[PDB]
Amino acid sequence: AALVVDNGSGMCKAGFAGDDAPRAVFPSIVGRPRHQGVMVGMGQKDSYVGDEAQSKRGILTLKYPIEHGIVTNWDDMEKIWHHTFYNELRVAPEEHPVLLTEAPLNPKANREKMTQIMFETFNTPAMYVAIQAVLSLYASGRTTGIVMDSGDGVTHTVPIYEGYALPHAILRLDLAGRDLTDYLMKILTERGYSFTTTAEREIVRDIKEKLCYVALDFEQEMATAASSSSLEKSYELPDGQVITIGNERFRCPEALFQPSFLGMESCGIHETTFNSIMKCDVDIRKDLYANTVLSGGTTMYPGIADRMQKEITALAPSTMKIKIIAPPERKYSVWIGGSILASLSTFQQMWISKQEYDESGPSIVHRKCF
Amino acid sequence: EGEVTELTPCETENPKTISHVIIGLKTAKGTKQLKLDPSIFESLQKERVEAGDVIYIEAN
Amino acid sequence: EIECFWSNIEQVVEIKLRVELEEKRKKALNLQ
Amino acid sequence: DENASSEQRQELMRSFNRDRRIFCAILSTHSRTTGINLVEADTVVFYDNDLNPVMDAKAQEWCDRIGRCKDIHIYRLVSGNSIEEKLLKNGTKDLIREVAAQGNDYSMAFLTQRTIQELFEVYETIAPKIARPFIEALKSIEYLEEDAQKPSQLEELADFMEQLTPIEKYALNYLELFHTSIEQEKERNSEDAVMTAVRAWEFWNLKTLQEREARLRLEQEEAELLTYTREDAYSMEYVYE
Amino acid sequence: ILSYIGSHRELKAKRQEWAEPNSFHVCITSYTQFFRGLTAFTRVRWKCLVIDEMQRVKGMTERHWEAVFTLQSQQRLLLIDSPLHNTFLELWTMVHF
Amino acid sequence: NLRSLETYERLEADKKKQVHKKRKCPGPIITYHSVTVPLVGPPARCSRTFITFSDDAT
């Protein structure tokens, strides 16, 4: 079975093609000891990856090799791939093809480096690169539409026509779950709850993922929160202290629609999607409006689909049919799409073989992957 | 009639799609290019016409 | 090829829904 | 026909209603039509008349049930100058009434010569209990002619669903949950786009061929010949007759 | 619409939804299930009671009529397709309905 | 309820989309196509032929 590896800015998902869910999901982080001298002598590993690094966050320095969807540390990315294959999947990469995902607008040099690493370091028999948004569209049984992908580090809107992403209309927004977590930390500090440590940052992330939601009408929700405490929810901290959260539940995710909350002059996700659709040909805009698929972990907020529908209906012409598609398992849409793609019998001829790499070099990836 | 000098199909977007098949024919008098109907591609491969082959094509 | 796969799965879903509807109609008829 | 199971009868009628191309549906009057509720047809043709009054009443009631939603035209074909005209005029009701007056044993009843002459000289509702021996006579005659001739589906799907790969099961669950997305196909009035694209292409082709002809004219304005063979120059003598 | 059809467990589950205000507007049930669950129906304040083709239900006893009369409902409607036999028992029962 | 009712009444859309498909089985295909196109400098029309190939290899 071919291996599918989703290279996400916050979480890495890996599994076997044909499965309905990834087998391993762990943070894409590499940890190194803060004080080498004392701890090297006692046989301690030089670096920790994924869950092991997260569990030792009190003594390790954590670094992300992927920033805003772009690989910035190739050594750490190689270490993450090694950890995935030998610790998470426990398989020999030389015996199984590997399908890798890439962010939109991925530099050609990065694709060549990925191909070189996969063929020379892991001796993989075959490999394929697929666009995350394209896989997200594939996971929903659609081939023409626009995918709004918002992960941990970056948000992209990608219009796709018959499986082909339109590069001239792809828009990038440097706003995602991490910025929302920092904003929640700031507003909780403004309410009186101080979170300063990385452990407290992860507590704030858990609070965001468990209690935040998107309001249909921000002004009406603010008036309701100012007039009644019915929207306040309690969260029990690990030390037993119970904190009360009020309007922060919906003010934090509102930053996705109004980046001005963070001081950013960029357009919201709805305006970004509308602008991306407006950059496409008029004949395909009708298909794009009717096939807007939400993907990514940052799109898991309850009510986001209704708000997106309302905003697009208010922005799009009244004669256009608007339909927002929000799959329940949209956080795994990329991996599911990759598993579907790698499970097709016709796709077995699309794999880049080691012979083709040896004959054409790393540039074959640009003539085989789209 | 003439010696075939080129058999280049004319690719196009459909309103790979070809809209014409250009055949270049050479005789002792000169050379002519014909904008033949695309359907002639079947007969060209059936007759195994190649560059440098003498052919003749009836108008009807 | 993806559209063909999803069309086949859609047909399978149609068949399943049809058999379940027929089972429900048979249960509704038998209870009388 | 009556040999088609109830599930087959429903499947065939649903196919007829769904596929608007099927022009005729031929049904046996002895088939349990009481299981067919909706019929998307507006015309009914009776090829022959059933002698069993109960079956004729059932067919009439069934035709009435279809007519609740649309005007229906019913045609009855009758062979002129035959027994069929008389059977259309009086049916079997008078015959059953005449035989019932002689007793409950139809196998030993004798018909009056007037009734026989009226039926064969070619040029108040009867309750089923009264008609039963007549129906048993009809059955007996049909059987004499015949002597002259003579795992639940859900368990199957469960076995099939157990052979589906996990990704196929996920696709099943996804399509089941997105019951509002059975119109996933981008069906649109392509004909208008084709109508505009054909003209746009025809103009583009006209322009491209005009540019090609202009390029050929420019190429022809350039000198055509600058050299000739040695044989023509020295190995031959130019003559004229 | 509430189709009151199912096994005892499914009917108990459907009765568990009776406590929610505005859970359903119209409830449809069979005569057999209607009389089998008479105790459940008497606990609900029904706005309109509709009885269809009751003349075709074999076995309608005087006790079934008493059960129909004991239901608290604001309005009762009877649908018949055939003329009444105008018998004393039938007319008395119609008056009580 | 309409979506529920369509489990019985969606006889039209689903059948039309399942029967009148615009695609066929995988593999190489050569499409001969001929349509009426209007003449340029009923209306004046001419016939034009297009030949379409599924893949660059063929």
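Residues numbered from 1 in each chain as written, not as in the entry; some residues may be left out. Chains lettered and ligands numbered in written order. Part of a larger assembly, values for the part shown. Heavy atoms only, no water.

Structure determination for this entry is recorded as cryo-EM, at 3.43 Å resolution.

In the PDB, the title recorded for this entry is "Cryo-EM structure of the RuvBL lobe of the native human TIP60 complex (composite structure)".

For the record of chain A, the UniProt heading Catalytic activity holds the text "ATP + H2O = ADP + phosphate + H(+)". According to the UniProt record, the Sequence similarities comment for chain A reads "Belongs to the actin family." (UniProt positions renumbered as here; feature names shortened; annotations may be inferred.)

## With respect to the packing of helix 5 (residues 132-139) of chain A against helix 13 (residues 333-343) of chain A
Residue and element names in this part refer to chain A. Relative to each other, helix 5 and helix 13 sit at 75 degrees, their axes nearing to 7 Å. Compared by their axis directions, helix 5 and helix 13 come out roughly perpendicular. Side by side, helix 5 and helix 13 meet where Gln-132, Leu-135, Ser-136, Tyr-138 and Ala-139 of the first sit next to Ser-333, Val-334, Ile-336, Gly-337, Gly-338, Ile-340 and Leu-341 of the second. (Axes fitted to C-alpha atoms, helices over the stretch in contact; angles between N-to-C directions. Helix = DSSP H or I, 4+ residues; strand = E, 2+ residues; numbered from the N terminus. Parallel < 35°, antiparallel > 145°, perpendicular 65-115°, else oblique. Contact = heavy atoms within 4.5 Å.)

## Notes on the interface of chain C and chain D
The partner chain D presents 20 residues to the 16 residues of chain C that form the contact. Both faces combined, the contact of chain C with chain D buries some 2,000 Å², and carbon together with sulfur accounts for 58% of it. Taken together, the links from chain C to chain D amount to four salt bridges. A salt bridge links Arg-18 of chain D to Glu-14 of chain C; the shortest N-O distance between them is 3.4 Å. (Buried area = accessible area lost by both parts, 1.4 Å probe. Salt bridge = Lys/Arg side-chain N within 4 Å of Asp/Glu carboxyl O.)

## Thoughts on the sheet that holds strand 4 (residues 30-33) of chain A
All names here are of chain A. Taken in spatial order, the three strands make up an open sheet running 5-4-6, and their pairing is antiparallel. On the outer flanks of this sheet lie strand 5 (48-49) and strand 6 (60-63), each paired with one strand and no other. Sheet topology places strand 4 next to strand 5; two bridges connect them, and they run antiparallel. Residue pairing across strands places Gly-31 opposite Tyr-48, the latter belonging to strand 5. Contacting strand 4, strand 5 and strand 6, helix 3 (residues 74-88) crosses the sheet at an angle of about 105 degrees to strand 4. (Pairing = 2+ DSSP bridges.)

## A word on the nonpolar core
All names here are of chain A. Counting 74 residues, the largest nonpolar core has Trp-81, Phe-85 and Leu-99 as its most contacted members. Both domain 1 (1-132 + 334-370) and domain 2 (133-174 + 268-333) contribute no fewer than three residues apiece to this core. Residues contacting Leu-99, with those up to four places away along its chain left out, are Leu-3, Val-4, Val-5, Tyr-128, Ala-130, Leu-135, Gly-338, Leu-341, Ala-342, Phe-347 and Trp-351. By size, the runner-up hydrophobic cluster in this structure holds 43 residues, among which are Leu-180, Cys-280, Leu-294 and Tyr-301. (Core = buried A, V, L, I, M, F, W, Y, C linked by side-chain atoms within 4.5 Å. Buried < 20%, exposed > 50% of the residue type's maximum accessible area, 1.4 Å probe, protein only. Domains from an automatic or database assignment.)

## Details of the interface of chain B and chain F
In this complex, chain B contributes 11 residues to the contact, which on the side of chain F involves nine residues. Here chain B and chain F share an interface that buries about 890 Å² over both sides, 57% of which is from carbon and sulfur atoms. When the buried area of chain B at its contact with chain F is split by residue, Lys-16, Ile-18 and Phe-41 of chain B rank highest and sum to 47% of it. At the boundary of chain B with chain F, the tally comes to zero salt bridges. There are four residue pairs in polar contact connecting chain B and chain F. Among the residues forming the side of chain B that touches chain F, the class breakdown is four nonpolar, five polar and two charged. Across two bridges, the pairing between strand 3 (residues 17-26) of chain B and strand 2 (residues 45-53) of chain F is antiparallel. Following the sheet pairing, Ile-18 of chain B is matched in strand 2 of chain F by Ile-51 of chain F. (Polar contact = N/O pair within 3.5 Å; in protein donor to acceptor, adjacent residues only side chain to side chain. Nonpolar A, V, L, I, M, F, W, Y, C, P; charged D, E, K, R; others polar.)

## Structural notes on the sheet that holds strand 10 (residues 126-131) of chain A
Residue and element names in this part refer to chain A. If you walk across this open sheet you meet the six strands as 3-2-1-9-10-19, and the pairing is mixed. With one partner strand each, in any of the chains shown, strand 3 (24-27) and strand 19 (352-353) form the two edges of the open sheet. Note: strand 2 (residues 11-16) against strand 3, four bridges, orientation antiparallel. Pairing of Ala-14 across the sheet is with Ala-24, part of strand 3.

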